[PDB]
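The structure is given below, and queries will be raised subsequently.
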Amino acid sequence: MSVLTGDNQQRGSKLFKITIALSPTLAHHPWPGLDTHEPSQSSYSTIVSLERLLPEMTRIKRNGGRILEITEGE
Amino acid sequence: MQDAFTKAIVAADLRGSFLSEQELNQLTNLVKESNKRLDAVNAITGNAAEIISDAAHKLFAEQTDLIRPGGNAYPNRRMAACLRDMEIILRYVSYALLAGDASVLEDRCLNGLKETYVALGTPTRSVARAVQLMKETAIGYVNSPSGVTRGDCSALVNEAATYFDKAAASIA
Amino acid sequence: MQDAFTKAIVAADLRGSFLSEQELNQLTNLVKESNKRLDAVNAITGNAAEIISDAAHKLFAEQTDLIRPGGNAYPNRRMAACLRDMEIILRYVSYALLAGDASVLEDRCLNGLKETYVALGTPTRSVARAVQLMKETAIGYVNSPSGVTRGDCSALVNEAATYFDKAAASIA
Amino acid sequence: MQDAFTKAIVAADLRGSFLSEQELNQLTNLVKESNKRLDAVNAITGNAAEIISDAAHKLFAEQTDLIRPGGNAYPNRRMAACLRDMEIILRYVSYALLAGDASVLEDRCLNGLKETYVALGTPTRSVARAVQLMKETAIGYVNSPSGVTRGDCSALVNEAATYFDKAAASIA
Amino acid sequence: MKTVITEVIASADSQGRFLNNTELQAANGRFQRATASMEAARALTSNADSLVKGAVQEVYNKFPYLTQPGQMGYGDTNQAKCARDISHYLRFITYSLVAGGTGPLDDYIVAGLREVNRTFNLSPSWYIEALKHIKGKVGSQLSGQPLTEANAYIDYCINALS
Amino acid sequence: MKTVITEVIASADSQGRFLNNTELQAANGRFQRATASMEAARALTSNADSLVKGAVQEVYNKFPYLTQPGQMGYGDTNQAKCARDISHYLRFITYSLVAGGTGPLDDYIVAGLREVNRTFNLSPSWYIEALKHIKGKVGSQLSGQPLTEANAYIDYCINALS
Amino acid sequence: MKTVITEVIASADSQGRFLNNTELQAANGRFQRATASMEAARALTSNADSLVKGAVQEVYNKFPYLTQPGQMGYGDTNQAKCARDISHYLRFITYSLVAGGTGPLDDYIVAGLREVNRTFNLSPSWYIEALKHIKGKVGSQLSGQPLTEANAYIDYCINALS
Amino acid sequence: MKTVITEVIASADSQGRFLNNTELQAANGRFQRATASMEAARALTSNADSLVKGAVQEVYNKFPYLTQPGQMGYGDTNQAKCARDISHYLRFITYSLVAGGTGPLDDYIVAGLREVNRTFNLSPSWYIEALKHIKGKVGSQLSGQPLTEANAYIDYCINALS
Amino acid sequence: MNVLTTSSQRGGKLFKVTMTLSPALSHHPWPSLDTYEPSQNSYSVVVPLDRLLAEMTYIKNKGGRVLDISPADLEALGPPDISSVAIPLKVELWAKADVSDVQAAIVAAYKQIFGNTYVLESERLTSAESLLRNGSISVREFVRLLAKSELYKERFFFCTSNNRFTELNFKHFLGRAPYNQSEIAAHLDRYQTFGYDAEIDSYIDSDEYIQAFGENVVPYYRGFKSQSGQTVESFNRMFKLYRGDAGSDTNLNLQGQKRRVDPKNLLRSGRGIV
Ligand SMILES: CCC1=C(C)/C(=C/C2=NC(=C\c3[nH]c(/C=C4\NC(=O)[C@H](C)[C@H]4CC)c(C)c3CCC(=O)O)/C(CCC(=O)O)=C2C)NC1=O
Ligand SMILES: CCC1=C(C)/C(=C/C2=NC(=C\c3[nH]c(/C=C4\NC(=O)[C@H](C)[C@H]4CC)c(C)c3CCC(=O)O)/C(CCC(=O)O)=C2C)NC1=O
Ligand SMILES: CCC1=C(C)/C(=C/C2=NC(=C\c3[nH]c(/C=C4\NC(=O)[C@H](C)[C@H]4CC)c(C)c3CCC(=O)O)/C(CCC(=O)O)=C2C)NC1=O
Ligand SMILES: CCC1=C(C)/C(=C/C2=NC(=C\c3[nH]c(/C=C4\NC(=O)[C@H](C)[C@H]4CC)c(C)c3CCC(=O)O)/C(CCC(=O)O)=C2C)NC1=O
Ligand SMILES: CCC1=C(C)/C(=C/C2=NC(=C\c3[nH]c(/C=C4\NC(=O)[C@H](C)[C@H]4CC)c(C)c3CCC(=O)O)/C(CCC(=O)O)=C2C)NC1=O
Ligand SMILES: CCC1=C(C)/C(=C/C2=NC(=C\c3[nH]c(/C=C4\NC(=O)[C@H](C)[C@H]4CC)c(C)c3CCC(=O)O)/C(CCC(=O)O)=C2C)NC1=O
Ligand SMILES: CCC1=C(C)/C(=C/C2=NC(=C\c3[nH]c(/C=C4\NC(=O)[C@H](C)[C@H]4CC)c(C)c3CCC(=O)O)/C(CCC(=O)O)=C2C)NC1=O
Ligand SMILES: CCC1=C(C)/C(=C/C2=NC(=C\c3[nH]c(/C=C4\NC(=O)[C@H](C)[C@H]4CC)c(C)c3CCC(=O)O)/C(CCC(=O)O)=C2C)NC1=O
Ligand SMILES: CCC1=C(C)/C(=C/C2=NC(=C\c3[nH]c(/C=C4\NC(=O)[C@H](C)[C@H]4CC)c(C)c3CCC(=O)O)/C(CCC(=O)O)=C2C)NC1=O
Ligand SMILES: CCC1=C(C)/C(=C/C2=NC(=C\c3[nH]c(/C=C4\NC(=O)[C@H](C)[C@H]4CC)c(C)c3CCC(=O)O)/C(CCC(=O)O)=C2C)NC1=O
Ligand SMILES: CCC1=C(C)/C(=C/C2=NC(=C\c3[nH]c(/C=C4\NC(=O)[C@H](C)[C@H]4CC)c(C)c3CCC(=O)O)/C(CCC(=O)O)=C2C)NC1=O
Ligand SMILES: CCC1=C(C)/C(=C/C2=NC(=C\c3[nH]c(/C=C4\NC(=O)[C@H](C)[C@H]4CC)c(C)c3CCC(=O)O)/C(CCC(=O)O)=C2C)NC1=O
């Protein structure tokens, strides 16, 4: 389950579980048709280390998806 | 991944046993019907595009709301996505028409589906309607093909149906 | 990402319609006030460092617990993180101000932020306050700048405030 | 990456100097002709597909060996690669044309081809011929467009040509 | 959704950077150009439908076999869905005009276009010919920079379909 | 080197895409803005001599102690290298004005600034105070959009140093 | 080039592994199947001439308008390049039959197909109709497993074009 | 679990692709081969009892010292766990025969083998010698393609242990 | 002396050598000063095995520097065959997979992302694969999850310079060679101030990446075909980057992980500032 297992090989210090409404702005099936996505990935839970927290968020917003939540990983 | 033999083997092993003469002959029969099975899988592959297309035409004939603004198969980006995962149910059901076991679905299609389409607000019955239409047409093709030897494929048509029906049930 | 025009377009499309003469002129007015808007965004960019610094000096003047051991802006590492967050929020507020829409702020910055801070033990009420101080000083600058043509920027000062107030509300 | 201004700046800096009144007015003139420049870049963008297509039809009209087996635009995979390269080069020529500097063209891209295609055995003179065909048609469009104000675009047509000619020379 | 404003903001954000004079100069372009854009928008807005019926018919006149029985320009439903589709294109053209970029076209018509058209047996040629016709008539509804804008976006759709 | 032109081209290239109406609108901003920019540039260019001597002195007047013996505002070489450095800043400001973006400042002064200043024991405060002074005097050499441009870039340097 | 043999070898290599009973069983399929495949190949090979002329004509009979002036089924060169193209397809079908996989079709016709057809204004519908016709006639040149093989590959091309 | 069927399906899935003639030819191999495989399976199944006792003993006859006190072929529990282990191998051989691939062997005996044997002080040599003996006797229970199959898998285990 | 034919005469192993010569070996017979031809700045010559020790000794003495020795017969078999990879097979992951659909993806991401080095079974990222199977994450994350892993850090980053890392990164993550000297520089400066992790994100959240791979497509080769905003010389870099189907990224080379794209070569495509 994306119910993070362990530290999910992130190492680092704290783990924050961040969920975003990722677009079609990002992702996109290799298919010929319209940079879409496979319904189901509307919200994308993801666990990142404290050191990598800021960079990831910057490139999430930059590519258009918007963060929906944030909780410390444990 | 399992196929019908692998499934037998896993159940035997859980007993600590060599395969039962029961299980052996069930598998001998699968080998017996395997040419028919190959034709059945070939029927789907050879008409994949039309199966998806025809299912599609009919889905939107019935549910003209999906192609209005506000609808989940509008605009082109989303209509393309719809065509794609109709292709999805079709192909995964076709790969299942091969194993003699649903697990390829229980392990994936029947797993996590609670927090999918439902999370998105995608109406599963409409996805299941497209699945149901793919089933009708796919089986149509399994039953009426190009110069295949005449015989009875109803056992295989049933089994293909249950794969289509698994997917539908899992999604709705 | 949305801007004020893009927002109009999305609402129009959900009706299946070309933009209403209502919506057209609302957007004509945004173009009318756009030089002022550019000065307002420029006011923030041109004083970003001081806006953060001055907010900061004042935050710790009020809340001397944050800079004691045990406090969330102690030692240097944590103070740098806090100074960095002040900059990040001021940055997305300026983006919203160029855009005429809060969405970039809500989607890339505010979404999940409160729950992050709570997980971290970062006192959200103090963060809300730091945002209130940035607002005071930022607007100060929007209202009293270098040789800009004299006129009325209160509409824009309000709108900037609501972006600061969104962030504060979202975090506290 | 350079544009025509950036180029001026780099040369000035190498003298340790503020821009010469000479260089200033050369750049004032570029700003003077910039609406024409935008139309010229727009002429190419607005007809990119036809420019490539028409160049292509004509390239293979002349060199019917490329579309025979043994030929470098056979089978479909290779033709798609060749069509893709035509687009890539037309694209960087349009970038150079917006920039006023072959620094995104001659600088940002005309070198390995000669040796590489000679190594791939690709006849460079034929590749230069494809660029000439694009050039002919592209300039055609720069000179005869939809309701643009009448005037003299020959300076810009020349400059566009030199970008096409750089590419040709670099590759043959 | 691609506009001058969103583009400069995206570029700032991705470098972790406040908007600077480079980015604000850019924005001024978009704001200075709103008047011409929005005049084109108003003219295209009020003179609208007939463009669709004109282009629909022209698809059948150029592909006669189209309006014959057994074909895809026959019966109320095909001809209805055609008008609708050209109307979608003109709608997004006006949106792209108003928005200051191709975003609306990219997100709602270009992304996925070919896959859809290929599954449904819709030839791009029709749509190009609908748009070529719309481009002919828009020659006398507008002029100057409003026409250039209208053209920019019509041509953008034609290239998306080639 | 960051200019409006290079930025839009970079963004097109990275998506494998021809320049479209979004990108050309952006470019028009940069070209429309050139007149104000270049007026600022000409005024800063001809006053350079005195702007530099004014700011150099102001560094000593605000930090009196710098000009005492054993200090870094003492002797011909320190005071010479100071004038030069402010002159470098004004030079790149004019370049940024002419170029239509912060590129010249980013590439030739900002990239590496702190490391250099830290190794050589140069306090940013001096440089901020040089620039604050230059900003005071440029208030009466320019006005309107040329002043706004001059300000944009002077302030950009001050933020780079804080 | 995708064949049963290359596929199993690829799968072994990528796991750093000798071919095992799984992979050799697979190969036996390809070898056992060669007889039917190669009978289809010989029949398609000697009838090539007429299969091509039959399908070429059928493209004009199904799309009558193609053969009128100003159209793409008119003049010696279009009609010549058409015969050639169907001949290419039949050629690669025979190759795929002989090779024991779709490789020849994948590498020489499928990779790039749509881009090429789209640049040159070639409708897949023609090619599907050429192939549907070839499929009709191959019904009486072959039967049993040679027909199934011929069908497999003809249908594979039709799906590649939809 | 590696079988011809799972392998071709895996390869299709990973390219996002329907099963094609390449993959179905492969499957036919596995199905055509089932008869020989399953004959080997039935013979190994009913002789299991004696094949195991034969190989167990042969481990002691080839390594006489194992059966002395203080050694790992002494006492009921060692000798019991040995019979069991060879029985595990024969069991998975029959499974691999029936399954059409090495999967059952790979997943249940090969993955982890050396780590386990090394921690428990079990020499592969014994197991190779058990299998060499089983291979000797299976020479007269089977012949033709059933023997080749039995051999394929016995040898596969011996290579896994070297 | 340049590009060779043939191997041996009596029998040998021909090695071709490359150097950089002073006017001490080769000069014009002119009236002044000794100079060698400017284009034979680095010169190469093929010598059979016995004459080889004597030649290297001579060259080193009279001033030259040996740049390389490599057998002639290695170097006669051309440049790689690229048919498998001109146009690849795309491998995507559907919403609701059949399970072995998902098996296909993992094997391919591995091959492509790790650059064809063997990833042994002890080695694989199992917990992360669990995630993809349940949906949870999409085919993009494993492309991102694999890159931040130690295995990726260890074979490609820790032991080579930053120039090399970035060049590999473009090949793996984007499928294309690195177009400009600016690209190399822009990246090296990012790693230096935001760390390794931020820098990894920068290829996976890029616009170029997003267009081609979207989110459910495994990154695949695409640099053997013309792309947009690609200098022309980036199609010759791709040959230097990929050495054939049996070639791989390999950090186990005797000489170590090194370059493959000459720094001089990158500058030919343009030089600016920053
Ligand atoms: C991690 C990889 C990944 C996946 C899998 C993903 C799924 C995903 N699908 C979405 C939407 C969507 N998905 C669909 C899909 C469908 N509609 C139907 O009727 C069919 C049953 C089905 C196609 C088979 C539609 C129609 C939407 C748009 C819903 C709306 O905005 O109303 C969204 C919302 C954001 C957007 O619209 O771009 C996400 C995040 N996103 C991702 O990043
Ligand atoms: C390339 C992979 C591959 C395929 C596809 C394959 C097909 C195949 N199908 C066969 C038979 C057949 N196939 C069918 C199938 C059908 N009968 C019907 O009436 C239905 C419409 C259809 C249901 C699926 C039947 C009835 C037979 C004859 C009985 C049998 O052999 O089991 C046979 C035995 C020879 C023959 O009688 O023609 C082969 C070899 N063999 C292969 O190696
Ligand atoms: C999307 C843009 C974005 C935001 C907004 C963001 C917030 C954010 N702030 C963080 C930490 C932090 N934030 C602060 C902030 C404060 N401490 C105080 O006492 C004050 C009340 C306040 C300053 C006003 C501190 C001290 C930490 C470090 C907490 C710790 O590690 O103990 C972290 C954890 C990762 C890290 O330390 O780098 C995130 C993700 N990250 C982002 O990427
Ligand atoms: C480089 C990007 C860029 C900027 C920044 C820009 C600014 C700009 N601000 C302007 C006007 C102005 N700007 C303001 C702004 C203000 N008035 C006040 O009293 C407040 C202190 C402040 C509130 C924000 C006002 C009142 C005008 C005159 C009215 C108007 O033109 O709307 C004008 C019209 C010319 C003029 O009257 O000076 C320009 C071009 N143009 C650009 O291209
Ligand atoms: C600076 C602008 C620019 C140019 C000009 C350019 C050329 C160029 N052409 C390439 C490939 C190619 N070019 C062709 C072209 C042809 N094949 C034929 O048989 C014909 C004779 C000819 C078409 C007329 C083909 C087939 C390939 C692929 C070669 C392969 O991968 O096997 C490649 C390798 C990268 C790739 O495949 O994308 C480059 C860099 N790249 C650039 O960035
Ligand atoms: C959206 C980006 C953008 C574009 C494209 C743009 C075009 C543009 N082209 C213009 C003029 C013009 N454009 C041309 C161009 C041509 N004359 C010819 O006869 C040739 C066929 C063609 C050569 C390229 C000429 C001659 C003028 C009038 C003179 C001038 O203003 O320089 C003008 C001044 C107003 C006018 O006279 O119409 C604008 C605004 N402005 C923009 O902001
Ligand atoms: C938001 C932007 C958007 C576009 C552009 C769009 C196109 C589009 N056109 C469609 C169908 C269609 N399109 C046409 C088009 C035509 N028929 C004719 O008489 C002419 C030849 C031609 C007009 C030039 C026809 C006949 C169909 C019905 C196809 C079918 O279901 O068989 C469908 C299938 C769903 C449906 O049946 O409505 C889509 C998605 N959908 C969108 O959401
Ligand atoms: C291209 C842009 C650029 C800048 C901005 C630049 C700054 C710069 N200032 C330097 C030194 C210096 N800078 C100063 C500055 C001052 N001394 C005073 O009297 C005042 C307090 C102050 C002026 C406000 C001094 C005294 C040195 C000599 C430091 C030393 O070597 O001890 C040096 C060291 C190399 C040298 O000694 O020249 C650099 C690189 N270099 C550049 O290339
Ligand atoms: C190796 C496999 C392979 C295929 C399949 C292939 C297709 C192909 N067909 C082409 C042209 C063509 N294809 C046709 C096709 C037709 N014209 C008609 O009368 C009918 C409607 C139709 C036949 C059904 C026509 C008319 C052209 C000329 C297009 C042009 O240049 O305008 C071209 C452009 C180069 C050229 O002009 O020859 C390619 C590459 N090329 C290949 O290398
Ligand atoms: C599913 C497949 C599978 C295999 C193959 C397997 C091997 C295996 N053999 C074991 C022990 C053993 N194996 C033997 C083997 C032998 N002793 C003798 O007399 C002979 C020399 C030899 C037989 C040739 C012995 C003596 C032990 C006990 C080792 C100990 O615990 O000290 C153990 C340790 C757990 C236990 O004590 O049972 C494993 C896991 N386990 C498995 O699950
Ligand atoms: C094909 C016609 C041809 C050319 C063009 C040529 C160039 C050339 N210039 C050389 C040296 C040289 N060239 C220069 C030139 C300069 N030094 C400077 O500082 C200035 C910037 C510049 C004069 C403007 C110098 C100083 C050397 C000697 C370098 C040395 O030995 O240290 C050499 C090395 C051999 C020699 O020294 O004779 C060659 C081959 N040789 C040729 O055969
Ligand atoms: C600048 C002054 C100068 C030096 C130093 C020099 C070295 C030199 N040693 C050479 C060969 C050689 N050098 C040796 C030396 C040795 N073989 C061994 O096993 C020992 C380890 C070692 C003796 C201690 C041998 C055996 C060859 C002949 C290699 C061959 O042809 O197979 C050659 C190739 C040309 C020739 O064989 O004459 C050169 C150039 N040449 C020079 O002009």
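Indexing begins at 1, ligand by ligand and atom by atom, following the structure's order. These numbers come from the heavy atoms of this one structure, side chains and all, not from hydrogens, waters or symmetry mates. Protein chains get the first letters and strands the later ones, always in sequence-line order, with residue 1 at the start of each.
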_Salt-bridge contact B/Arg108-I/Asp101 (side-chain N to carboxylate O under 4.0 Å)_ = no
*With distance as the sole criterion, is a donor-acceptor pair present between the side chains of C/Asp13 and B/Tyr74 under 3.5 Å?*
yes
*Sub-4.0 Å heavy-atom environment of ligand 6, residues by chain*: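 Shell around ligand 6 (4.0 Å, heavy atoms): D/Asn35, D/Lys36, D/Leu38, D/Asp39, D/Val142, D/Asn143, D/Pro145, D/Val148, D/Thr149, D/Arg150, D/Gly151, D/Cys153, E/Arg33, E/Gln145, E/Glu149, F/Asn21, F/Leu24, F/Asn28.
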*Any idea which part of H/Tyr108 is under 4.0 Å from ligand 10, heavy-atom wise: side chain, backbone, both or neither?*
backbone
_Taking A/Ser45's backbone N and O only, do any of them form a donor-acceptor pair with A/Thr19's side chain (distance below 3.5 Å, no angle check)?_
no
*Quick one: does A/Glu38 get an N or O within less than 3.5 Å of an N or O on ligand 1?*
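Checking ligand 1 against A/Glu38, no N or O pair falls under 3.5 Å apart.
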*Select one of side chain, backbone, both or neither to describe which atoms of H/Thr77 lie under 4.0 Å from any atom of ligand 10, heavy atoms only.*
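No part of H/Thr77 comes within reach of ligand 10.
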*Near B/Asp85, which atoms of ligand 1 are under 4.0 Å from a heavy atom of that residue?*
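Listed by number with element, the hits are 23 (C), 24 (C).
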_Ignoring hydrogens and geometry beyond distance, is a side-chain donor-acceptor pair present between E/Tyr153 and F/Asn21 at under 3.5 Å?_
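Present: a donor and an acceptor within the cut-off.
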Under 3.5 Å, sequence neighbours excluded: what are the donor-acceptor pairs made by side chains of residues 69-90 of chain H?
{"unit_1": "H/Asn78", "atom_1": "ND2", "unit_2": "H/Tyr74", "atom_2": "O", "d": "2.8"}
{"unit_1": "H/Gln79", "atom_1": "NE2", "unit_2": "H/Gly73", "atom_2": "O", "d": "3.2"}
{"unit_1": "H/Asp85", "atom_1": "OD2", "unit_2": "H/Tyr127", "atom_2": "OH", "d": "2.7"}

_Out of all atoms in ligand 10, which are within 4.0 Å of some heavy atom of H/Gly73? Include the element for each._
19 (O)
_I need the atoms of ligand 10 closer than 4.0 Å to a non-hydrogen atom of H/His88, numbered in the order shown._
2 (C), 3 (C), 4 (C), 42 (C)
*Can you list the atoms of ligand 10 that are under 4.0 Å from a heavy atom of H/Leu66?*
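Matching atoms, with element in brackets: 21 (C).
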*Inspect the contact between E/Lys2 and F/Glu23 and indicate whether a charged nitrogen and a carboxylate oxygen are less than 4.0 angstrom apart.*
yes
_So is H/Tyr60 touching ligand 10 or not, going by heavy atoms under 4.0 Å?_
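Within the 4.0 Å threshold, so yes.
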*asked:* Restricting to non-hydrogen atoms, name the atom on A/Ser2 and the atom on I/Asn134 that form the minimum distance, rounded to 0.1 Å.
replied: N-OD1, 4.4 Å
*Compute the shortest N/O to N/O distance between B/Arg78 and ligand 1 and return yes if it is under 3.5 Å, no if not.*
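It does: an N or O of B/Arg78 is found under 3.5 Å from an N or O of ligand 1.
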*N or O contact, H/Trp126 vs ligand 10, cut-off under 3.5 Å*: no
Please tabulate, for side-chain N and O atoms in residues 114-126 of chain H, each donor-acceptor pair with protein atoms closer than 3.5 Å (sequence neighbours left out).
{"unit_1": "H/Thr119", "atom_1": "OG1", "unit_2": "H/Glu115", "atom_2": "O", "d": "3.0"}

*Any donor and acceptor pair, going by atom type alone, linking the side chain of H/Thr94 with main-chain N or O of H/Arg91 inside 3.5 Å?*
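The answer is yes, because a donor-acceptor pair under 3.5 Å joins these two groups.
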*Examine distances only and state if a side-chain atom of H/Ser96 and a backbone atom of H/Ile93 form a donor-acceptor pair shorter than 3.5 Å.*
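Side chain of H/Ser96 to backbone of H/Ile93: no pair is present.
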*Can B/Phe60 and B/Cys82 be said to form a side-chain contact (heavy atoms from CB on, under 4.5 Å), step by step?*
CA-CA 11 Å; B/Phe60 302 117; B/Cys82 183; 3.6 Å; yes
_A/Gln41, any N or O under 3.5 Å of ligand 1 N or O_ = yes
*Which atoms of ligand 1 sit under 4.0 Å from any heavy atom of B/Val127?*
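Answer for ligand 1: 21 (C).
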*Determine, for H/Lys132 against H/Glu129, whether the closest basic-nitrogen to carboxylate-oxygen distance falls under 4.0 angstrom.*
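Counted as a salt bridge, because a side-chain N and a carboxylate O are separated by less than 4.0 Å.
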*Under 4.0 Å to a heavy atom of A/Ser23 - the qualifying atoms of ligand 1, by number*: 38 (O)
*Taking heavy atoms and a distance under 4.0 Å, where does H/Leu113 meet ligand 10: side chain, backbone, both or neither?*
neither
*Using a strict 4.0 Å cut-off to heavy atoms of B/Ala81, name the atoms of ligand 1 that fall inside it.*
23 (C), 24 (C)
*With only distance considered, is A/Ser42 within less than 3.5 Å of ligand 1 through an N or O on each side?*
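Looking only at distances, the answer is no, because the N/O contact criterion of under 3.5 Å is not met.
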*Report, in ascending order of atom number, the atoms of ligand 10 lying under 4.0 Å from any heavy atom of H/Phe120.*
31 (O), 34 (C)
_Under a 3.5 Å threshold, yes or no: a donor from one side chain and an acceptor from the other, between E/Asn151 and E/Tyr156?_
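Not at all, the side chains of E/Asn151 and E/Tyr156 share no donor-acceptor pair under 3.5 Å.
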_Side chain, backbone, both or neither: which applies to H/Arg84 and ligand 10 if a contact is any heavy-atom pair less than 4.0 Å apart?_
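Within the 4.0 Å criterion, H/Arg84 contacts ligand 10 through side-chain atoms alone.
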*Under a heavy-atom criterion of less than 4.0 Å, does I/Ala95 contact ligand 1?*
no
_Main chain of H/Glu58, side chain of H/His133: is a donor-acceptor contact present, judged purely on distance under 3.5 Å?_
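Pair absent, no side-chain N/O of H/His133 close to backbone of H/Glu58.
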*asked:* Counting neighbours of NZ on H/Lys62 that are heavy atoms of other residues, nucleotides or ligands and sit closer than 6.0 Å, is the number greater than 12?
replied: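 Open.
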*asked:* Applying salt bridge (charged side-chain N to carboxylate O under 4.0 Å, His left out) as the test, list every pair that has at least one member in residues 21-43 of chain A; sequence neighbours left out.
replied: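 Non-adjacent pairs meeting salt bridge (charged side-chain N to carboxylate O under 4.0 Å, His left out): zero.
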_Proximity of H/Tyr89 to ligand 10 by residue part, where a heavy atom lies under 4.0 Å_ = side chain
*Decide whether an N or O pair under 3.5 Å exists between H/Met72 and ligand 10.*
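Yes, there is a polar N/O contact under 3.5 Å.
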